[PDB]
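What follows is the residue order along each chain.
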Amino acid sequence: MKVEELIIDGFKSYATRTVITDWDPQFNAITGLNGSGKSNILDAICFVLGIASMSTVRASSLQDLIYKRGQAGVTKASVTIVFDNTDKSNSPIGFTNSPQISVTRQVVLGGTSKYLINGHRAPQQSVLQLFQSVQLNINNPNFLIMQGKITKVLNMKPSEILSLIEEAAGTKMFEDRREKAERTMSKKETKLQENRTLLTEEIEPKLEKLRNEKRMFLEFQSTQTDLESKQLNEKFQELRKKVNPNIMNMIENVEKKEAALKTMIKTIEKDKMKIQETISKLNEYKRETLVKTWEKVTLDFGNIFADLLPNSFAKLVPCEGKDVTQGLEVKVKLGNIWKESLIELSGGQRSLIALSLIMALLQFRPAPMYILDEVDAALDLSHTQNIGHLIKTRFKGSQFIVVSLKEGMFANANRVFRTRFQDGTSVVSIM
Amino acid sequence: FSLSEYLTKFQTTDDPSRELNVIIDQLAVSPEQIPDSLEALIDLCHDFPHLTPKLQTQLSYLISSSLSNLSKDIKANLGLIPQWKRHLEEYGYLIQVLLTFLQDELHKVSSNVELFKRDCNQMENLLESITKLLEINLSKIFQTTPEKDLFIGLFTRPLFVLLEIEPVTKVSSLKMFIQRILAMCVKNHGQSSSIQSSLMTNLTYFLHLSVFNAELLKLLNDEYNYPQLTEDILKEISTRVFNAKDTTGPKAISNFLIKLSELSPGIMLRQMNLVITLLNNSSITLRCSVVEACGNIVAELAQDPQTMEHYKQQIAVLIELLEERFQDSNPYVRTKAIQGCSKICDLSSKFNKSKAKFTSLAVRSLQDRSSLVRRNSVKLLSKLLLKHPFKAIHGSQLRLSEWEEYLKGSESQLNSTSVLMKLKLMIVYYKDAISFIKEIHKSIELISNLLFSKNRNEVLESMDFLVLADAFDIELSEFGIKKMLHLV
Amino acid sequence: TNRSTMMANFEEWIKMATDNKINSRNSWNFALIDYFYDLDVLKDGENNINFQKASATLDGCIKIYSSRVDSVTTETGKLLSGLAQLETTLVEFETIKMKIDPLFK
Ligand SMILES: Nc1ncnc2c1ncn2[C@@H]1O[C@H](COP(=O)(O)OP(=O)(O)O)[C@@H](O)[C@H]1O
Ligand SMILES: [Mg+2]
C-alpha cells in the first residue's frame, strides 16, 4: 500500500480544493518558501490518520483546523488520501480484496471528525485499527518526526524507546488492546456480578414463594376434583381468589428460563477463564518476540550508526538493572570511549543517531510511508547530501516524503513538489 | 395410564421397520385395536430422533390417518365411554411425544432446505390431524373440568413451544393452522385463561409473535365472535407493569397494539377507556403505540356512519385527548399525534369543525424545537390545504381580499323565514373561511421564515408546502416564492 | 477440507467483528472464541504467531463477550417482567420552543 494522491480542501492554508497526484513511490520531497504550506501537507496526513494530540498540529482545537476558524466563508475542512494495494504483503487484514482504498476525514464548524472509507461512513475506531495494522499508528509514531523534534528524539523516556522498538515488529497494537480488553472485562464482570446479585435477591424469594404456593394449588385442584356439598364450597370459593389455576405453564417457563440463564452464566465464566489463559500465553510468546526484536534492532542500529559515522558506535541497554520490557536506553561511544551523558552530544550528532535508529527500524520491517520534517536542520551540507544519497540509492524500499529547505537533500530526489502562497491559499506544483 | 406419572416421567428425560409394519397391519383394521402393542408404539415414538426420515414419514402418516379415522368415528356415532377416554389419552400422549421430538432439531437449523420442507409437510399433516381431533367436543367425555383442561393443555403446550422459533411463523399455512386451532380452543372449549396467559408470555418474551397475536384476535372476532378474550388481553396490557431494564417487552406490546388497531378497531375500542390509563407510563414506545392505535381506530371507523353515530362520546374524547397530546416531553409522541391527525383529515367529508382545531394546533407546533415535529406539522398543513371542505362555492381559490369582500356583501345583505338562518349559516361559514385563510397565511409566513434549516427534509417539505400554497392564488405566496429563491 | 473451511470461517468472523455487526442476537452459535483458544489459526508455517490476527481475534472475542453479557441482562429483564405479576410527560408549550447567509458568504 502506497499513497497515490492527496486531496486537501479548506484545511489551514489550503482554503480551496487542491489535489496532489503522480506521487512517486521511490522518493518524494517538498520544497518552498517559509510559511508556504510544506508542513501543512504533513499536518493533513496526520489529521487523516486520526491525530489525538491536537497540539501536534499546532492547534488548540478542531476549530483552528478550518481555513480561518470558520469565519471567512470556509466551513467544511476535508482531507482525502488514496492508497494503492498492489502488493499483498502490505495489505490490511480486512481490505485485501478491495483495491485503491481511500480515507477521507471532514471537520465542519459544528460537527467533529466525520470519517469516510471508500465513500462509506466509518467510525474512528475502524480507521484507527486500519492504520495501526500497517504500522501507521499516529498516537505512538514510528515513521514520522515533526519539525523541530529531530533533536528531541533522544530525550524521550525509556518507555517511549520501548514503545518505538515494539512498533517495528508489530508488537504494539496489542498492549493498548490488552488494556482496553482488561477494562472491558472489568466493566462486564461488574455488570454480571450486579446482575447475578439482583437475580438472586429477586427470583429466589419469588421462587420459594411459588414453590410454597404449589402445594396450595395442588390442594385446591384436589378439592375441585372431589367436588364433582356446601362444606367443600366455602373453602373452594375462599381459595379461588388467588389460586392461579394455570400456574403450571408459567412455573415451567420460569424454570426453563432460570436453567438457560445458569447455562449462559457458566459459559460466560468458562470463556472468561479461557481468555485469561490465552492472554497469558500470548504475553509469554510476546516476551521472546520482543527479545528477538530488541536484539535485531540493537545490531542493525549499531551497524547503521557505524556506517554513517566512521568513528562512533551506539547500542541499546535495558533501563538500569531491571528487565528489557521495563524500559530501554541508548549508549553511544565516540572513538574508543563511551559517553555517560547523552546531553553533551552535538545536535547534529543526535539528529544522526535518530536517523540511524529510524533507518534501523526501516531495515527490520519497513513502514509503507516514512515522513521527515526538516531532519537536516542541525546537519551540515555534507551529512545532508550523504543522507539524501543513502535514502535514494542504498536503502530504497519504502516510500519517503521529506520536507527540506537545503538543496543537498532534494537535488537527487526522484519526485519534487513546490509549495507557493499565491492569494490566501497554498498551491502545490510539480518540480 | 396415569396423566401425572407419564407427564413427570417425560418432563425429566434425556429393526424398527418390522415393528412399524406390524403396527400398521394391526391398526389397518381399526384404530381401536391399540396388549403389548402400546409399549411398542411408545418405544418407537421414543426412538423418533434416531430413526430415518422415511421411517419417520410413514410413522407420522400412520398416526395421522389413525387419529383422523378415530375422530371421524367419534363424529359418526355421536361402559364404552371409559375405553374411548383411554384411547384418546393414549393418542394425545403419543402426539405430545412425537411433536415434542419433532420440535427438536428445528432450533438448531437456521439458528437443510429439503429437511425444512419435510418438517413443514409433517407439521401440516399433524395440524390437520389435531384439527380433526379438536373438531369434536370433549365436554361430555370428561365430566370434571381439571381433566379436560389438562387434556387440552396436552395438545396446546407443544405448539406453543414450537412457535418460539421464528422461521415457523413466517410460513403462511402453519401460522393459519395454529391460528384456527387456537381460535377453536378458545371458543369451542372455553379455557380463556390459559390461552391468554400463554399469549401474554409469548408476547413478553418474544417480538415476532405480536402480529400472530393480533391475527388470532382478529380471526376470533370475525368468525368466532368472542370479543371477551380481546377485552381481557387489553385489560391485562393496561394493568401490566414493566421493569426499567428490559425494553423488548414494551416494544412487543406496542407492535401488538398497532397491529390490533390496524386489524379490528371496533373490538379493541371498547376497552380503550382503560387503555388510556396506560398513557401515563414513562415508556416511549407504548405511548407512541397508543397514539398510533387511536389514530388508526378513528380513521378506519370513519367509513361506517353507524360506528361513528353509536360511539360519538368516546371517539370525541379520544380526538380531544389526541389534540391535547400535541405537546409532550417526547417529540416522537408529538410526531405520532400529528401523523394520526393527518390520517384523520385525509378525508374531508366529515368532522369539518375539527379541521380548524387541527390547523391551529399544527400552526402552533410549527414553532416546536424538534425538527421532525416541524416536518410533520408542515405535512399536516399541506394535506389540509390540498383538500378542504371550502370547495362548494368558488373552490380551489383562497383569496383574502375576495373572501373579505364576499363576507362584507353577505353582511350588507343581512343588514338590508328561511332568509334569517340561511344568511346566519352563510356568515358563519364565511367567518370560518376567513379564520382558516388567516391561519394558513400565518403558517405560510412561519414556514417562509423556517425555510433556512439544517435538515434537508424540512427544507424540502417547506418548499413543497409553499409550492402547493402558490398553486392556489394567495397574496402572500409570492413572498414565500421570493424567500425560496434565495435557496441557491 | 477442514483447514479451508476453518480458515474461511475465521476470516468471515473477523470481518464481521471489524464491521461491528455482532450484537446480542447473534452472540451465540459462534465458535470464534474457541478458535481463539487454539492458536493453530494464528500460527503460520514458520511456527510464529501473528499479532495482527491475534488483535483481530481478541477484538472479536471482546465483542462476543459484551454481546453475551447484554443478552444475559436482557434475559434477566424478561424473567423479572414475567415474575413482576404523573403529569411528567405533559409539559408547557413555552419550554419546547426554539426561543448561514449565502450572499454574505
Ligand atoms: N488555522 C490556520 N488558519 C490559517 N492559516 C494557517 C492555519 N494553520 C496554518 N496556517 C498557515 O499554513 C502555513 C504552514 O506553513 P509551514 O508549512 O509550517 O511552513 P514551513 O514548512 O516553512 O515550516 C503557515 O504559513 C500558516 O500561515
Ligand atoms: Mg515546517
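What the entry reports as its method is cryo-EM, with 3 Å given for the resolution.

Student: Summarise the packing of aromatic side chains; cite the residues concerned and give the values.
Tutor: Aromatic ring pairs: the centre-centre distance and the angle between the two ring planes describe each pair. Going through the model one piece at a time under the given rule, you end up with 20 aromatic pairs over all chains. Ring geometry for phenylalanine 10 of chain B against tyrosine 93 of chain B: centres 6.1 Å apart, planes inclined by 90°, an arrangement best described as edge-to-face. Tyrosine 93 of chain B carries the same exposure label as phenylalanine 10 of chain B, and that label is buried. Measuring from ring centre to ring centre gives 5.2 Å for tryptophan 13 of chain C and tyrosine 35 of chain C, while their planes differ by 55°; the resulting arrangement is tilted.

Student: An account of the coordination of the magnesium ion (ligand 2) is requested, with residue identities and associated values reported.
Tutor: In an ideal tetrahedron of four donors about a metal, each angle is 109.5 degrees. In an ideal octahedron of six donors, the angles are 90 or 180 degrees. Residues and elements named next belong to chain A. Bound to the magnesium ion (ligand 2) on the protein side are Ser39 (OG), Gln147 (OE1) and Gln147 (NE2), at distances that span 2.1 to 2.6 Å. Of the two residues, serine 39 is situated in helix α1 (residues 38-48) and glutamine 147 in the loop between β8 (144-145) and α3 (158-168); the sequence distance between them amounts to 108 residues. In this structure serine 39 comes out as buried when scored by relative accessible area, which is 13%.

Student: Any details on the site of ligand 1? Residues and values, ideally.
Tutor: All names here are of chain A. With respect to spatial proximity, 14 residues lie near ligand 1, and among them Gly35, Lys38, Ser39, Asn40 and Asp64 are the closest. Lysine 38 places a polar side-chain atom, nitrogen or oxygen, 2.7 Å from an oxygen atom of ligand 1. Separating a nitrogen atom of ligand 1 from a backbone N or O atom of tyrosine 67 is a distance of 2.8 Å. Within the complex, the protein chains bury 72% of what would otherwise be the 580 Å² of accessible surface of ligand 1. Residue composition of the shell around ligand 1, grouped by class: three nonpolar, seven polar and four charged.

Student: Which residues make up the sheet that holds strand β9 (residues 312-318) of chain A, and what values do they have?
Tutor: Residue and element names in this part refer to chain A. Sheet architecture is open: three strands sit in the order β9-β10-β11, paired in antiparallel fashion. Among the strands making up the open sheet, the edge pair consists of β9 and β11 (337-338). For strand β10 (residues 328-334) and β11, the ladder comprises two bridges, and the chain directions are antiparallel. Within β11, the residue paired with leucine 334 across the bridge is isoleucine 337. Strand contacts of α3: β9 and β10, with the helix running at about 95° to β10, the strand carrying the most contacts.

Student: Which residues make up the side chain of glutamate 213 of chain A, and what values go with them?
Tutor: With respect to the helices and strands, the residue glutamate 213 of chain A is situated in helix α4 (residues 175-227). With residues near it in sequence (within four places) discarded, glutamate 213 of chain A still touches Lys242, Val243 and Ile247 of chain A.

Student: With reference to specific residues and values, describe a nonpolar patch on the surface.
Tutor: Taken together, the side chains of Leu420, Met421, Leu425, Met426 and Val428 of chain B present a nonpolar region at the surface, about 460 Å² in accessible area. As for its placement among the helices and strands, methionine 421 of chain B is situated in helix α23 (residues 418-450).

Student: So, the nonpolar core: which residues are in play, and what are the values?
Tutor: Side chains that are nonpolar tend, in soluble globular proteins, to be buried together. One finds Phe151, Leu182, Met272 and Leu385 of chain B to be the most contacted residues of the largest nonpolar core, which totals 186 residues. Within the second largest apolar cluster, 76 residues are counted, among which are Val153, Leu352, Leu355 and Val416 of chain A.

Student: Report on the interface of chain A and chain C, specifying residues and quantitative values.
Tutor: Listed as interface residues are 43 residues of chain A and, on the opposing side, 34 residues of chain C. Taken over both partners, the interface formed by chain A and chain C buries close to 3,800 Å², and the fraction arising from carbon and sulfur atoms is 74%. Taken as a group, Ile93, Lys188 and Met264 of chain A account for 15% of the area that chain A buries against chain C, more than any other trio of residues on that side. Taken together, the links from chain A to chain C amount to four salt bridges. For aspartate 70 of chain C, the salt bridge is made with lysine 188 of chain A, and the minimal N-O distance between the two is 3.6 Å. Across the contact surface, chain A and chain C share six residue pairs in polar contact. Listed by contribution, the elements that provide at least two residues to the side of chain A that touches chain C are α4 and α6 (247-308) of chain A. Among the residues making up the side of chain A that touches chain C, the classes are represented as 20 nonpolar, ten polar and 13 charged.

Conventions and cut-offs
- Residues numbered from 1 in each chain as written, not as in the entry; some residues may be left out.
- Chains lettered and ligands numbered in written order.
- Part of a larger assembly, values for the part shown.
- Heavy atoms only, no water.
- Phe/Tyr/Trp six-rings, centres within 6.5 Å; stacked < 30°, edge-to-face > 60°.
- Buried < 20%, exposed > 50% of the residue type's maximum accessible area, 1.4 Å probe, protein only.
- Donors = N, O, S within 2.8 Å, 3.2 Å for Na, K, Ca; no water.
- Helix = DSSP H or I, 4+ residues; strand = E, 2+ residues; numbered from the N terminus.
- Near = heavy atom within 4 Å.
- Polar contact = N/O pair within 3.5 Å; in protein donor to acceptor, adjacent residues only side chain to side chain.
- Areas by Shrake-Rupley, 256 points an atom, 1.4 Å probe, with all protein chains shown as cover.
- Nonpolar A, V, L, I, M, F, W, Y, C, P; charged D, E, K, R; others polar.
- Pairing = 2+ DSSP bridges.
- Contact = heavy atoms within 4.5 Å.
- Axes fitted to C-alpha atoms, helices over the stretch in contact; angles between N-to-C directions.
- Patch = residues over 30% accessible without salt bridge, like charges linked within 9 Å, V, L, I, M, F, W, Y side chains within 5 Å.
- Salt bridge = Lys/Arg side-chain N within 4 Å of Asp/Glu carboxyl O.
- Core = buried A, V, L, I, M, F, W, Y, C linked by side-chain atoms within 4.5 Å.
- Buried area = accessible area lost by both parts, 1.4 Å probe.

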